[PDB]
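Just the one chain here, the form deposited in one PDB entry, laid out as C-alpha cells.
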C-alpha cells in the first residue's frame, strides 16, 4: 500500500471535484509496461487545512470494504506529505452520470433500479460506521461494469460525533446546494437523513437520464426564476423548499418511484425513510417489474 511516485505514469485526467483532482495512471515499477492502471487522487492546491482533511478522507476510505464502495489501494507520499496522493482501483466505465448520458438507449428502468439498490447498500454500510457522505450525486458514483456501481468519492464525508445524530459543517466556497436538504442549507446540519434527501436527488437524476435542461440546478433555477444570482439563490431555494416546491416527476418515471423521491424530500428530517427501507422498497418494485 506504498507507491513510489517515479513509477506512476500519467494517462488522463478523470475529474475535479471539491478540492481534489483524479488522474488515470499506470503504476509500473518494473518499467516494462506490465503494471496495472489505477486512479490517483490529489489536492488541486496543497494547503495545511486541506491536507488534514485529505488525510481523514483517506482513513475513511481505507476503513470501508464493500462491493459498492471503490477500493483503496495505498498512498504515495514520495514527493513529500504536501504531494500526498490517494491510490484507488480504476473503474473503467467512468461516472454513472456520464455513463447514463452515453448509454440512455441501453439502460432500462429495471437497470436504473439495480443501480439505485446498490447505491442504497453502500450508503447503509456507511451509516453503520456513522459516516455522513455529504455529496451524494451521480457524478460521484462510478461504474465498474454494466451490473455494478460504486460510491467513488469521499471528499466531503464526515464522522458523526459520538453523542449526536447530526454534524454541523460549513466549508469555504461552493456547495452543491441543489442536492442539499433544507436543514443543511439553513442550519448546516448534516445527517444520515440529509444523505437520504440527496439520495432522492440521485434517484431523480437517474430517471431524467441526465437530460441537460432537466438537471436539479436547471429545474430549481427555473422554479426560483432565472432573474436571480449570487447570495440570493440559496435564500430563494430555502423558501421554495419550505413551501413544498419540489423537482418534478421525470419524463416516464413511474409514480411508485416518484413517491420514493418525494418521501426522501420530506421537510421533517425524522420522517425520511431509512436506507434499509429504501433498498426494500426498490427491490420490491424491481421484482414486480421482473415477473
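Positions refer to the first chain, counted from 1. Whichever C-alpha set is largest while still superposing within 1.5 Å between the two forms counts as the rigid core.
Omission of residue 94 is seen in none of the other entries compared for this protein where the adjacent residues are built, far below a third. Compared with the other entries of this protein, residue 171 is frequently left unbuilt, missing from a third or more of those that build its neighbours.
Remark: stretch with higher mean C-alpha B factor among 218-226 and 38-46 is 218-226. Relative to its counterpart among 79-87 and 197-205, 79-87 has the higher mean temperature factor, C-alpha atoms as listed in the PDB entry.
The maximum CA B-factor among the listed residues 162, 145, 188, 140, taken from the PDB record, is found at 162. Among all modelled residues in its chain, residue 173 ranks in the highest third by Cα B-factor. Ranked against the other modelled residues of its chain, the C-alpha B-factor of residue 157 as given in the entry falls in the lowest third. Ranked by Cα temperature factor within the chain, residue 114 sits in the middle third according to the deposited record.
Ranked by Cα temperature factor within the chain, residue 233 sits in the highest third according to the deposited record. The entry lists a Cα temperature factor for residue 213 that places it in the highest third of the chain's modelled residues.
Another form, the form deposited in another entry, is not on view; read the next lines as being about it.
The residue that stands out in 218, 107, 79, 177 is 79, the single one whose Cα moves by 2 angstroms or more between the shown form and the other one on a rigid core fit.
For residue 27, the Cα coordinates differ by 2 angstroms or more between the shown form and the other one after the core has been superposed. Residue 17: CA moves 2 Å or more between the shown form and the other one after rigid-core fitting.
Once the rigid core is overlaid between the shown form and the other one, residue 46 counts among the residues whose Cα shifts by 2 Å or more.
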